[PDB]
Amino acid sequence: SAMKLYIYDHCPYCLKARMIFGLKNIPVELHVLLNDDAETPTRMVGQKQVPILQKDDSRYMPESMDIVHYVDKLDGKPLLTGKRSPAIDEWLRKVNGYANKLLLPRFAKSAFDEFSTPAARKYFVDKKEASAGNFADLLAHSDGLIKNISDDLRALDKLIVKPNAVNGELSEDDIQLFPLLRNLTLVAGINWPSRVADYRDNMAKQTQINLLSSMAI
Ligand SMILES: N[C@@H](CCC(=O)N[C@@H](CS)C(=O)NCC(=O)O)C(=O)O
């Protein structure tokens, strides 16, 4: 078995794909693409997007949830069998509505391999300042936004059923929630409630995906 996953480290959709390999303890070869590389993904799947899975037969497949469903079913014993929660879905809708106001200007300043060339980092800065707004301005509003995240995490704390699975049994809600919590560890100053923090730490070990406190800004 020699599947390959083409990603950006910061990308939550890439994190979703990475999660299933970790949960199932299936080895996968990670390749971090430079953020300004349109040619590689376009050759693979016809447009610039990540994640992209390369299967054993050398075929490429895009789309994080297609990749998750494919990998989970491969051995005929899916792990993502738990119920999903409408309350978690509502929470993610809300928080994903604004979290990038904190995340994007921080991603832009961080040591992710997709930004290893200064051209790739600049490409990201220019694209995201245009779409999300001026980074210095977003950063100036950090304390307000951090208050919002901390308050939303307080609400989430009551929804974490077990530290190993948000709804008590591994489900697609873990796939949708963890990448956001992982990325939020890049944000210094967040007050993490105990059950959320325990889930975050537990799921990071299950998935073998790194938390980002050492880079937090
Ligand atoms: N539906 C896709 C969305 C993936 C996506 O939007 N990835 C972003 C990075 S976070 C991307 O590739 N954007 C295009 C670009 O970076 O130019 C997923 O489920 O795989």
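Residues numbered from 1 in each chain as written, not as in the entry; some residues may be left out. Heavy atoms only, no water.

X-ray crystallography is the method the PDB entry lists for this structure, together with a resolution of 1.600 Å.

Novice: What should I look at first to understand the site of the ligand in this one?
Specialist: Around the ligand, the neighbouring residues are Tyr-8, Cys-11, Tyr-13, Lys-48, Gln-49, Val-50, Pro-51, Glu-63, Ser-64 and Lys-127. Between the ligand and the protein, one listed contact pairs an oxygen atom with a side-chain N or O atom of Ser-64 at 2.6 Å. Protein contacts shield 72% of the accessible area of the ligand, which totals 510 Å² for the unbound molecule. A majority-of-atoms criterion places the ligand in the largest pocket. In terms of residue class, the shell around the ligand is built from five nonpolar, two polar and three charged. (Near = heavy atom within 4 Å. Polar contact = N/O pair within 3.5 Å; in protein donor to acceptor, adjacent residues only side chain to side chain. Areas by Shrake-Rupley, 256 points an atom, 1.4 Å probe, with all protein chains shown as cover. 1 Å grid on protein atoms, 1.4 Å probe; cavity = no way out; pocket = protein on both sides within 12 Å on 5 of 7 lines; lining within 4 Å. Sits in = over half its atoms within 2 Å of the grid points. Nonpolar A, V, L, I, M, F, W, Y, C, P; charged D, E, K, R; others polar.)

Novice: Teacher, can you tell me more about the environment of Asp-66 here?
Specialist: Take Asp-66: it is sitting in helix α3 (residues 64–73). Each C-alpha atom, one on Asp-66 and one on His-141, is 36 Å from the other, the two residues being 75 residues apart in sequence. (Helix = DSSP H or I, 4+ residues; strand = E, 2+ residues; numbered from the N terminus.)

Novice: When you look at the side chain of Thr-185 in this model, what are you seeing that I'm missing?
Specialist: Position of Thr-185 among the secondary structure elements: in the loop between α9 (172–184) and α10 (194–207). Residues in contact with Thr-185, not counting those within four places in the same chain, are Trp-192, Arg-200, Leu-211, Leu-212, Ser-213 and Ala-216. (Contact = heavy atoms within 4.5 Å.)

Novice: How should I be thinking about helix α1 (residues 12–23) in this particular structure?
Specialist: Each α-helix turn comprises 3.6 residues. Residues three or four places apart therefore point the same way. Taking 1.5 Å per residue as the helical rise, α1 with its 12 residues ought to reach 16 Å, and the 16 Å between its terminal C-alpha atoms agrees with that figure. The element α1 is extensively covered by neighbouring structure, given that 10 of its 12 residues are classed as buried. Restricting attention to buried positions, one finds in α1 the residues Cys-14, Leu-15, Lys-16, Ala-17, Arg-18, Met-19, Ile-20, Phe-21, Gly-22 and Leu-23. Residues of α1 that are buried make contact with β1 (4–7), β2 (29–32), β3 (52–54), α3, α9 and α10. (Expected span 1.5 Å × (residues − 1). Buried < 20%, exposed > 50% of the residue type's maximum accessible area, 1.4 Å probe, protein only.)

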